[PDB]
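If you want the building blocks of each chain, they are given just below.
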There are 2 protein chains.
Amino acid sequence: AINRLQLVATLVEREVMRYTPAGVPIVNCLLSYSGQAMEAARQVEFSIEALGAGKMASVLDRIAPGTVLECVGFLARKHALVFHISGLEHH
Amino acid sequence: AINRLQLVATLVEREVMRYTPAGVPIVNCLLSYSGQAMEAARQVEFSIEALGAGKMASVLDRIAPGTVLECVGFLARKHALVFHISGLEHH
Ligand SMILES: [K+]
Ligand SMILES: [K+]
Ligand SMILES: [K+]
Ligand SMILES: [K+]
(Lines give C-alpha, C1' and ligand atoms only; values in the text may rest on other atoms or scores of the structure.)
(Ligands and ions follow the chains in the order given, each with its own letter.)
Protein backbone atom coordinates (compact mmCIF):
# COMPACT_ATOMS: atom_id res chain seq x y z
CA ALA A 1 0.00 0.00 0.00
CA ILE A 2 1.49 3.29 -1.08
CA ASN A 3 2.08 5.98 1.55
CA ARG A 4 4.22 8.68 0.00
CA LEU A 5 4.46 12.37 0.82
CA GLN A 6 6.43 14.85 -1.31
CA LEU A 7 6.88 18.20 0.38
CA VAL A 8 9.03 21.24 -0.34
CA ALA A 9 9.19 23.01 3.01
CA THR A 10 11.33 25.26 5.18
CA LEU A 11 13.16 23.71 8.11
CA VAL A 12 11.88 25.67 11.12
CA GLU A 13 13.71 23.96 13.97
CA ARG A 14 15.20 20.62 14.96
CA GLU A 15 15.71 18.77 18.23
CA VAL A 16 18.99 17.39 19.51
CA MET A 17 19.84 13.97 18.09
CA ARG A 18 18.51 11.01 20.11
CA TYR A 19 18.71 7.24 19.61
CA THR A 20 16.45 4.21 19.62
CA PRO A 21 17.45 1.32 21.91
CA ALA A 22 19.13 -0.27 18.88
CA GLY A 23 21.34 2.79 18.49
CA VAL A 24 19.62 4.19 15.40
CA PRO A 25 20.00 8.00 15.45
CA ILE A 26 16.91 10.17 15.16
CA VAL A 27 16.42 13.86 14.62
CA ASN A 28 12.95 15.28 15.14
CA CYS A 29 12.22 18.56 13.40
CA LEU A 30 9.47 20.95 12.37
CA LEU A 31 8.83 21.88 8.73
CA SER A 32 6.81 24.80 7.39
CA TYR A 33 4.94 24.68 4.10
CA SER A 34 3.71 27.62 2.00
CA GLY A 35 2.33 27.38 -1.52
CA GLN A 36 -0.79 26.68 -3.53
CA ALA A 37 -2.92 23.66 -4.36
CA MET A 38 -5.73 22.80 -6.80
CA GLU A 39 -9.14 21.93 -5.37
CA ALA A 40 -10.12 26.68 -7.77
CA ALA A 41 -6.55 27.50 -6.69
CA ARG A 42 -6.10 27.57 -2.92
CA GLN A 43 -3.30 29.12 -0.86
CA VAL A 44 -2.07 26.54 1.64
CA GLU A 45 0.05 27.07 4.74
CA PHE A 46 0.83 24.67 7.55
CA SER A 47 3.60 23.22 9.69
CA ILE A 48 4.18 19.53 10.26
CA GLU A 49 6.36 17.49 12.62
CA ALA A 50 8.97 15.31 10.92
CA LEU A 51 12.02 13.19 11.64
CA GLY A 52 15.01 11.57 10.01
CA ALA A 53 16.37 8.19 11.07
CA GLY A 54 19.80 6.70 10.44
CA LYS A 55 21.68 8.53 7.70
CA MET A 56 18.75 10.95 7.41
CA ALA A 57 19.20 11.87 11.06
CA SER A 58 22.84 12.78 10.33
CA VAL A 59 21.82 14.78 7.24
CA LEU A 60 19.18 16.83 9.08
CA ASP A 61 21.61 17.32 11.97
CA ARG A 62 23.85 19.49 9.78
CA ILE A 63 21.14 21.52 8.06
CA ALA A 64 20.64 25.10 9.19
CA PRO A 65 17.15 26.12 10.30
CA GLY A 66 15.63 28.26 7.55
CA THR A 67 16.83 26.03 4.73
CA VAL A 68 14.25 25.03 2.15
CA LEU A 69 14.12 21.27 1.69
CA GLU A 70 12.66 19.06 -1.02
CA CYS A 71 11.43 16.07 0.97
CA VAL A 72 10.04 12.67 0.15
CA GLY A 73 8.90 10.11 2.69
CA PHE A 74 5.96 8.52 4.45
CA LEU A 75 3.50 9.34 7.23
CA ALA A 76 3.32 7.42 10.50
CA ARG A 77 1.91 7.56 14.02
CA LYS A 78 4.14 9.50 16.41
CA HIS A 79 3.69 6.84 19.11
CA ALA A 80 -0.60 12.57 16.14
CA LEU A 81 1.26 11.95 12.89
CA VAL A 82 4.86 12.59 11.93
CA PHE A 83 6.47 12.91 8.50
CA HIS A 84 9.26 10.34 8.10
CA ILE A 85 11.77 11.74 5.60
CA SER A 86 13.46 9.04 3.55
CA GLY A 87 14.91 11.33 0.87
CA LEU A 88 16.09 14.94 1.01
CA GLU A 89 17.51 17.66 -1.25
CA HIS A 90 18.05 21.44 -1.12
CA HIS A 91 15.86 24.08 -2.82
CA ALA B 1 6.07 24.17 -3.82
CA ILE B 2 5.03 20.55 -4.07
CA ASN B 3 2.66 19.14 -1.44
CA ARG B 4 1.45 15.77 -2.66
CA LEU B 5 0.27 12.76 -0.69
CA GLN B 6 -0.43 9.37 -2.30
CA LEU B 7 -2.24 6.99 0.02
CA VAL B 8 -3.98 3.67 -0.46
CA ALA B 9 -6.29 3.44 2.54
CA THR B 10 -9.57 2.00 3.77
CA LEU B 11 -12.52 4.36 4.14
CA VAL B 12 -13.49 4.02 7.81
CA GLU B 13 -16.36 6.48 8.06
CA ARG B 14 -17.67 9.69 6.52
CA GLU B 15 -19.71 12.64 7.77
CA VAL B 16 -22.90 13.95 6.21
CA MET B 17 -22.28 16.32 3.30
CA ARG B 18 -21.96 20.00 4.26
CA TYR B 19 -21.31 23.16 2.24
CA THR B 20 -19.07 26.20 2.29
CA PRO B 21 -20.78 29.61 2.14
CA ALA B 22 -20.18 29.56 -1.62
CA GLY B 23 -22.16 26.33 -1.91
CA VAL B 24 -19.19 24.03 -2.52
CA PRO B 25 -20.06 20.57 -1.12
CA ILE B 26 -17.70 18.94 1.35
CA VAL B 27 -17.51 15.46 2.78
CA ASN B 28 -15.22 14.88 5.73
CA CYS B 29 -14.09 11.31 6.28
CA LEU B 30 -11.61 9.12 8.13
CA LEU B 31 -9.13 6.87 6.32
CA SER B 32 -7.14 3.97 7.74
CA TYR B 33 -3.72 2.97 6.44
CA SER B 34 -1.93 -0.37 6.89
CA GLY B 35 1.24 -1.41 5.09
CA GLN B 36 5.01 -1.18 5.19
CA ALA B 37 7.63 1.49 4.58
CA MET B 38 11.41 1.64 4.12
CA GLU B 39 13.46 3.50 6.73
CA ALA B 40 14.96 -1.64 7.57
CA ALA B 41 11.35 -2.43 6.61
CA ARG B 42 8.81 -0.99 9.04
CA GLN B 43 5.16 -1.92 9.53
CA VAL B 44 3.08 1.26 9.51
CA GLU B 45 -0.48 1.77 10.70
CA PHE B 46 -2.39 4.98 11.24
CA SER B 47 -5.65 6.78 10.55
CA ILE B 48 -5.93 10.26 9.09
CA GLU B 49 -8.76 12.77 8.66
CA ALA B 50 -9.58 13.66 5.06
CA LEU B 51 -12.16 15.44 2.93
CA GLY B 52 -13.41 15.81 -0.61
CA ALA B 53 -14.64 19.09 -2.04
CA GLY B 54 -16.83 19.69 -5.08
CA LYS B 55 -17.03 16.65 -7.34
CA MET B 56 -14.83 14.76 -4.85
CA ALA B 57 -17.43 15.38 -2.16
CA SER B 58 -20.07 13.76 -4.39
CA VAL B 59 -17.74 10.82 -5.15
CA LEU B 60 -16.97 10.11 -1.49
CA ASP B 61 -20.65 10.52 -0.64
CA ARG B 62 -21.50 7.36 -2.58
CA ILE B 63 -18.62 5.19 -1.39
CA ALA B 64 -19.36 2.51 1.17
CA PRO B 65 -17.33 2.54 4.39
CA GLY B 66 -14.82 -0.31 4.21
CA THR B 67 -13.86 0.36 0.61
CA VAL B 68 -10.15 0.55 -0.15
CA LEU B 69 -9.25 3.77 -1.95
CA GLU B 70 -6.21 4.84 -3.93
CA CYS B 71 -5.95 8.52 -3.06
CA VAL B 72 -3.88 11.43 -4.25
CA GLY B 73 -4.07 14.94 -2.86
CA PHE B 74 -2.48 17.52 -0.58
CA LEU B 75 -2.22 18.27 3.14
CA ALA B 76 -3.69 21.37 4.75
CA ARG B 77 -4.60 22.90 8.10
CA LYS B 78 -8.05 21.84 9.31
CA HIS B 79 -8.86 25.41 10.37
CA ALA B 80 -4.49 19.63 13.11
CA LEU B 81 -4.03 18.58 9.49
CA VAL B 82 -6.48 17.10 7.01
CA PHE B 83 -5.85 15.16 3.79
CA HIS B 84 -7.50 16.92 0.85
CA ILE B 85 -8.28 14.28 -1.79
CA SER B 86 -8.09 15.62 -5.31
CA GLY B 87 -8.03 12.26 -7.10
CA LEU B 88 -9.57 8.91 -6.19
CA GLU B 89 -9.79 5.32 -7.47
CA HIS B 90 -10.83 1.90 -6.13
CA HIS B 91 -8.45 -0.88 -4.97
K1 LIG C 1 4.50 1.63 1.09
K1 LIG D 1 15.80 23.54 18.36
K1 LIG E 1 1.58 22.52 -4.97
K1 LIG F 1 -20.52 8.38 9.78
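The rules behind each value
- Residues numbered from 1 in each chain as written, not as in the entry; some residues may be left out.
- Chains lettered and ligands numbered in written order.
- Heavy atoms only, no water.
- Disulfide = S-S within 2.5 Å.
- Least-squares fit on C-alpha atoms.
- Contact = heavy atoms within 4.5 Å.
- Helix = DSSP H or I, 4+ residues; strand = E, 2+ residues; numbered from the N terminus.
- Buried < 20%, exposed > 50% of the residue type's maximum accessible area, 1.4 Å probe, protein only.

Going by the header, the method for this PDB entry is X-ray crystallography, and the resolution given is 2.30 Å.

(A) Up close: the state of the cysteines. Tallied over the entire structure, the rule returns 0 disulfides over all chains. Among the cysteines around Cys29(A), which has no disulfide bond, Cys71(A) carries the closest sulfur, lying 7.6 Å off.

(B) Representation of the relation of the copies chain B and chain A within the structure. Once chain B has been moved 0.0 Å along the axis and rotated by 180 degrees, it coincides with chain A to within an RMSD of 0.0 Å. Classification of the inter-copy transformation places it as that of a two-fold axis. In terms of C-alpha distance to the rotation axis, chain B has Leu5(B) as its closest residue, with the C-alpha 2.2 Å off the axis. Here 100% of the interface residues in chain B have copies in chain A that are interface residues too; the copies meet face to matching face.

(C) Highlighting the environment of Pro21(B). Residues and elements named next belong to chain B. The topology assignment puts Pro21 in the loop between β2 (18-19) and β3 (25-38). The exposure class assigned to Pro21 is exposed, which follows from its relative accessible area of 93%. Separated by 14 residues in the primary sequence, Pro21 and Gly35 have C-alpha atoms spaced 38 Å apart.

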